[PDB]
Amino acid sequence: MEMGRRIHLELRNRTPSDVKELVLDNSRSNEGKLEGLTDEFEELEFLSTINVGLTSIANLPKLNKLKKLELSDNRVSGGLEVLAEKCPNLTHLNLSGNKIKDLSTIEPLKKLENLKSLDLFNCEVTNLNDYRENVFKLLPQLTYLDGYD
């Protein structure tokens, strides 16, 4: 079912600005794009879009209260600089099962000052010699990587 329709269903007649948790798992994104998420969601703290066939987070709205973003099992491969712009207060980010292939693509996450926990299970970047050493070097503000530390 389409992501915009799914958001409407999940909202259960609440105004967007009253919602703190939004789970859109398994819905169908707009040809790899987020659809129906606006900056009306001003109290939103937890957003889950697992397995929606995402290709891009480029049209993420301003979500100032967002703390946890679940993007597991999609095909996002970059444009992560959007996160420091649109959700600066993010503390938990899950990018497991995405097309995160190298260190330069997660480099934009260093501007996420409150990022505490990052998951990258089953991403190609995981195959790196000294993977954890490199990621902690790159993002010195992180405490937890892939569940550990």
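If you check the header, you'll see the entry was determined by X-ray crystallography and the resolution is listed as 2.40 Å.

**Notes on the overall build of the protein chain**
A tally of helices and strands in the protein chain yields four helices and six strands. Its helices and strands taken in sequence order, the protein chain reads α-β-β-β-α-β-α-β-α-β from the N to the C terminus. Here the protein chain has a C-alpha radius of gyration of 15 Å; the compact-globule value for 149 residues is 15 Å, and the two agree. The C-alpha extent of the protein chain, read off along each of the three principal axes, is 50 × 25 × 25 Å. The proportion of buried residues among the 149 residues of the protein chain is 44%. A fraction of 52% describes how many contacts in the protein chain between residues 6 or more apart in sequence connect residues 24 or more apart. Counting only carbon and sulfur atoms, one obtains 42% of the accessible surface of the protein chain, whose full area is about 7900 Å². Here the protein chain carries 20 positive and 25 negative side-chain charges, and the mean point of each set is 1 Å from the other.

**Details of helix 1 (residues 3-11)**
When we look at burial in helix 1, the residues that qualify are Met3, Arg6, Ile7, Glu10 and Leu11. On an axial view of helix 1, the arc spanned by its buried residues comes to 135 degrees, and they lie on one face. Directly after helix 1, the chain includes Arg12, whose backbone phi takes a positive value near 45 degrees.

**Describing the pattern of salt bridges**
Per the stated rule, a full pass over the model turns up six salt bridges. When the shortest N-O distance is used, the salt bridge between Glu45 and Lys20 registers 3.9 Å. Of this pair, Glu45 sits in the loop between strand 1 (21-23) and strand 2 (46-48) while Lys20 sits in the loop between helix 1 and strand 1, and the two are 25 residues apart along the sequence. A relative accessible area of 48% means that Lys20 is categorised as partly exposed. Each of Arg6, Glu10 and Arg12 takes part in a single network of salt bridges with overlapping partners.

**Considering a negative patch on the surface**
Together, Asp18, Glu40, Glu42 and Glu43 make up a region of like negative charge exposed at the surface. As for its position among the elements, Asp18 is in the loop between helix 1 and strand 1.

Cut-offs and rules
Residues numbered from 1 in each chain as written, not as in the entry; some residues may be left out. Heavy atoms only, no water. Helix = DSSP H or I, 4+ residues; strand = E, 2+ residues; numbered from the N terminus. Rg over C-alpha atoms; globule rule 2.2 N^0.38 Å. Buried < 20%, exposed > 50% of the residue type's maximum accessible area, 1.4 Å probe, protein only. Contact = heavy atoms within 4.5 Å. Areas by Shrake-Rupley, 256 points an atom, 1.4 Å probe, with all protein chains shown as cover. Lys, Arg positive; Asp, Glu negative; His and termini not counted. Charge placed at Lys NZ, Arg CZ, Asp CG, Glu CD. Arc of directions from axis to C-beta. Salt bridge = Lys/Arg side-chain N within 4 Å of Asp/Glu carboxyl O. Patch = residues over 30% accessible without salt bridge, like charges linked within 9 Å, V, L, I, M, F, W, Y side chains within 5 Å.

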